[PDB]
Amino acid sequence: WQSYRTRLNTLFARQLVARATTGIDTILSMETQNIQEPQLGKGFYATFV
Amino acid sequence: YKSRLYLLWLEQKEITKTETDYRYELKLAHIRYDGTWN
């Protein structure tokens, strides 16, 4: 949209499947909630303080 | 794959061209979280 990129989908569930093999205790854990997804095309991340 | 069980198999379909020949397809299915299959 103009110069913005909005993520439309998610890959969370795909990574969740492997974690899920140990049950609910893992599925609902904080570590699970820290799953990362790929960046939206060419670009980079940066910190501005 | 992706720590999930998948079943992969090859199937043969008979096609009339007459003469007989065969078409081949590969199928893949997997277990869902509720135990059902896709």
# chains A, B, ... in the order shown; residues from 1 in each chain; ligands from 1
$ interface_residues --of "chain A" --to "chain B" --cutoff "9 Å" --atoms "only C-alpha atoms" --output "mmCIF file with N, CA and C atoms, in the first residue's frame"
data_model
loop_
_atom_site.group_PDB
_atom_site.id
_atom_site.type_symbol
_atom_site.label_atom_id
_atom_site.label_comp_id
_atom_site.auth_asym_id
_atom_site.auth_seq_id
_atom_site.Cartn_x
_atom_site.Cartn_y
_atom_site.Cartn_z
ATOM 1 N N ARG A 14 2.418 -23.508 11.426
ATOM 2 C CA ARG A 14 3.312 -24.518 10.907
ATOM 3 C C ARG A 14 4.438 -24.811 11.861
ATOM 4 N N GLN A 15 4.909 -23.800 12.566
ATOM 5 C CA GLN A 15 5.997 -24.046 13.491
ATOM 6 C C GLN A 15 5.450 -24.659 14.776
ATOM 7 N N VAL A 17 3.227 -26.878 14.982
ATOM 8 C CA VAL A 17 3.052 -28.312 14.881
ATOM 9 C C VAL A 17 4.186 -29.056 15.497
ATOM 10 N N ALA A 18 5.407 -28.639 15.263
ATOM 11 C CA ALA A 18 6.464 -29.389 15.875
ATOM 12 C C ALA A 18 6.477 -29.217 17.379
ATOM 13 N N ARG A 19 6.217 -28.009 17.851
ATOM 14 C CA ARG A 19 6.265 -27.790 19.289
ATOM 15 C C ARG A 19 5.181 -28.552 20.009
ATOM 16 N N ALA A 20 4.068 -28.660 19.328
ATOM 17 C CA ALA A 20 2.856 -29.286 19.770
ATOM 18 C C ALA A 20 3.009 -30.764 19.998
ATOM 19 N N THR A 21 4.091 -31.355 19.523
ATOM 20 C CA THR A 21 4.276 -32.775 19.681
ATOM 21 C C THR A 21 4.516 -33.148 21.129
#
$ residues_around --residues "residue 38 in chain B" --least-positions-apart "6" --cutoff "10 Å" --atoms "only C-alpha atoms" --output "VMD selection string"
chain B and resid 6 28 to 32
$ write_last_selection --atoms "C-alpha atoms" --output "PDB file, in the first residue's frame"
ATOM      1  CA  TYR B   6       2.583 -37.889   6.569  1.00  0.00           C
ATOM      2  CA  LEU B  28       0.239 -37.004   0.278  1.00  0.00           C
ATOM      3  CA  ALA B  29      -1.893 -36.918   3.441  1.00  0.00           C
ATOM      4  CA  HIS B  30      -1.245 -36.067   7.070  1.00  0.00           C
ATOM      5  CA  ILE B  31      -2.414 -36.209  10.612  1.00  0.00           C
ATOM      6  CA  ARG B  32      -4.210 -33.189  12.006  1.00  0.00           C
TER       7      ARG B  32
END
$ atom_distance --atom1 "CA of residue 16 in chain A" --atom2 "CA of residue 29 in chain A"
11.0 Å
$ residues_around --residues "residue 22 in chain B" --least-positions-apart "5" --cutoff "6 Å" --atoms "only C-alpha atoms" --output "PDB file with N, CA and C atoms, in the first residue's frame"
ATOM      1  N   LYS B  13      -3.531 -45.023 -12.593  1.00  0.00           N
ATOM      2  CA  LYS B  13      -4.824 -44.959 -13.258  1.00  0.00           C
ATOM      3  C   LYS B  13      -4.756 -45.501 -14.679  1.00  0.00           C
ATOM      4  N   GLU B  14      -5.692 -46.373 -15.025  1.00  0.00           N
ATOM      5  CA  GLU B  14      -5.690 -46.944 -16.369  1.00  0.00           C
ATOM      6  C   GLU B  14      -6.404 -46.073 -17.392  1.00  0.00           C
ATOM      7  N   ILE B  15      -5.685 -45.722 -18.453  1.00  0.00           N
ATOM      8  CA  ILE B  15      -6.193 -44.875 -19.515  1.00  0.00           C
ATOM      9  C   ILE B  15      -6.163 -45.486 -20.896  1.00  0.00           C
TER      10      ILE B  15
END
$ residues_around --residues "range 30-42 of chain A" --least-positions-apart "3" --cutoff "8 Å" --atoms "only C-alpha atoms" --output "ChimeraX atom specification"
/A:5-7,10-12,15-16,19,26-27
$ select_by_dssp --residues "chain A" --states "helix (DSSP H, G or I)" --output "CSV table (one decimal) with N, CA, C and O atoms, in the first residue's frame"
chain,number,residue,atom,x,y,z
A,12,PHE,N,2.7,-19.3,11.9
A,12,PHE,CA,2.8,-19.7,13.3
A,12,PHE,C,2.4,-21.1,13.4
A,12,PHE,O,3.0,-21.9,14.1
A,13,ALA,N,1.2,-21.5,12.9
A,13,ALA,CA,0.7,-22.8,13.0
A,13,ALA,C,1.7,-23.8,12.5
A,13,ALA,O,1.8,-24.9,13.0
A,14,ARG,N,2.4,-23.5,11.4
A,14,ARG,CA,3.3,-24.5,10.9
A,14,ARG,C,4.4,-24.8,11.9
A,14,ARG,O,4.9,-26.0,12.0
A,15,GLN,N,4.9,-23.8,12.6
A,15,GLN,CA,6.0,-24.0,13.5
A,15,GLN,C,5.5,-24.7,14.8
A,15,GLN,O,6.1,-25.5,15.5
A,16,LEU,N,4.2,-24.3,15.1
A,16,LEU,CA,3.5,-24.8,16.2
A,16,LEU,C,3.4,-26.3,16.2
A,16,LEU,O,3.5,-27.0,17.2
A,17,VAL,N,3.2,-26.9,15.0
A,17,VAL,CA,3.1,-28.3,14.9
A,17,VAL,C,4.2,-29.1,15.5
A,17,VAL,O,4.0,-30.1,16.1
A,18,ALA,N,5.4,-28.6,15.3
A,18,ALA,CA,6.5,-29.4,15.9
A,18,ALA,C,6.5,-29.2,17.4
A,18,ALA,O,6.6,-30.2,18.1
A,19,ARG,N,6.2,-28.0,17.9
A,19,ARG,CA,6.3,-27.8,19.3
A,19,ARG,C,5.2,-28.6,20.0
A,19,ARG,O,5.4,-29.1,21.1
A,20,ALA,N,4.1,-28.7,19.3
A,20,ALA,CA,2.9,-29.3,19.8
A,20,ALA,C,3.0,-30.8,20.0
A,20,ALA,O,2.1,-31.4,20.6
A,21,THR,N,4.1,-31.4,19.5
A,21,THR,CA,4.3,-32.8,19.7
A,21,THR,C,4.5,-33.1,21.1
A,21,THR,O,4.4,-34.3,21.5
A,22,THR,N,4.8,-32.2,22.0
A,22,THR,CA,5.0,-32.4,23.4
A,22,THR,C,3.8,-32.1,24.2
A,22,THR,O,3.8,-32.2,25.4
A,24,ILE,N,0.1,-29.7,25.3
A,24,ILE,CA,-0.4,-28.4,25.6
A,24,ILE,C,0.5,-27.5,26.4
A,24,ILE,O,0.6,-26.3,26.2
A,25,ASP,N,1.2,-28.2,27.3
A,25,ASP,CA,2.2,-27.5,28.2
A,25,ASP,C,3.2,-26.7,27.3
A,25,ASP,O,3.6,-25.6,27.8
A,26,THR,N,3.5,-27.2,26.2
A,26,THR,CA,4.4,-26.5,25.3
A,26,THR,C,3.7,-25.5,24.4
A,26,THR,O,4.1,-24.3,24.3
A,27,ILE,N,2.5,-25.9,24.0
A,27,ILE,CA,1.8,-25.1,23.0
A,27,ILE,C,1.4,-23.8,23.6
A,27,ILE,O,1.4,-22.8,22.9
A,32,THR,N,6.7,-20.5,23.0
A,32,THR,CA,5.9,-20.7,21.8
A,32,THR,C,5.4,-19.4,21.3
A,32,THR,O,5.4,-19.1,20.1
A,33,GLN,N,5.1,-18.5,22.2
A,33,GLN,CA,4.6,-17.2,21.8
A,33,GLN,C,5.6,-16.3,21.3
A,33,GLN,O,5.3,-15.2,20.9
A,34,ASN,N,6.9,-16.7,21.3
A,34,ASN,CA,8.0,-16.0,20.8
A,34,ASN,C,8.5,-16.5,19.4
A,34,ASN,O,9.5,-16.1,18.9
$ select_by_dssp --residues "chain B" --states "strand (DSSP E)" --output "PyMOL selection string"
chain B and resi 6-16+20-30
$ write_last_selection --atoms "C-alpha atoms" --output "PDB file, in the first residue's frame"
ATOM      1  CA  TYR B   6       2.583 -37.889   6.569  1.00  0.00           C
ATOM      2  CA  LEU B   7       1.739 -40.718   4.229  1.00  0.00           C
ATOM      3  CA  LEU B   8       3.122 -40.609   0.758  1.00  0.00           C
ATOM      4  CA  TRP B   9       2.046 -43.001  -1.975  1.00  0.00           C
ATOM      5  CA  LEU B  10       1.934 -43.663  -5.681  1.00  0.00           C
ATOM      6  CA  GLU B  11      -1.284 -44.488  -7.524  1.00  0.00           C
ATOM      7  CA  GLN B  12      -1.922 -45.883 -11.000  1.00  0.00           C
ATOM      8  CA  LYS B  13      -4.824 -44.959 -13.258  1.00  0.00           C
ATOM      9  CA  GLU B  14      -5.690 -46.944 -16.369  1.00  0.00           C
ATOM     10  CA  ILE B  15      -6.193 -44.875 -19.515  1.00  0.00           C
ATOM     11  CA  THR B  16      -7.423 -45.801 -22.933  1.00  0.00           C
ATOM     12  CA  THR B  20      -3.959 -49.224 -22.766  1.00  0.00           C
ATOM     13  CA  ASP B  21      -1.485 -47.042 -20.913  1.00  0.00           C
ATOM     14  CA  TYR B  22      -1.196 -45.598 -17.443  1.00  0.00           C
ATOM     15  CA  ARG B  23      -1.242 -42.325 -15.616  1.00  0.00           C
ATOM     16  CA  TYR B  24       0.616 -41.893 -12.392  1.00  0.00           C
ATOM     17  CA  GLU B  25      -0.009 -39.653  -9.436  1.00  0.00           C
ATOM     18  CA  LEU B  26       1.602 -39.134  -6.095  1.00  0.00           C
ATOM     19  CA  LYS B  27      -0.540 -38.456  -3.084  1.00  0.00           C
ATOM     20  CA  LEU B  28       0.239 -37.004   0.278  1.00  0.00           C
ATOM     21  CA  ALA B  29      -1.893 -36.918   3.441  1.00  0.00           C
ATOM     22  CA  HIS B  30      -1.245 -36.067   7.070  1.00  0.00           C
TER      23      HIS B  30
END
$ atom_distance --atom1 "CA of residue 35 in chain B" --atom2 "CA of residue 5 in chain B"
10.8 Å
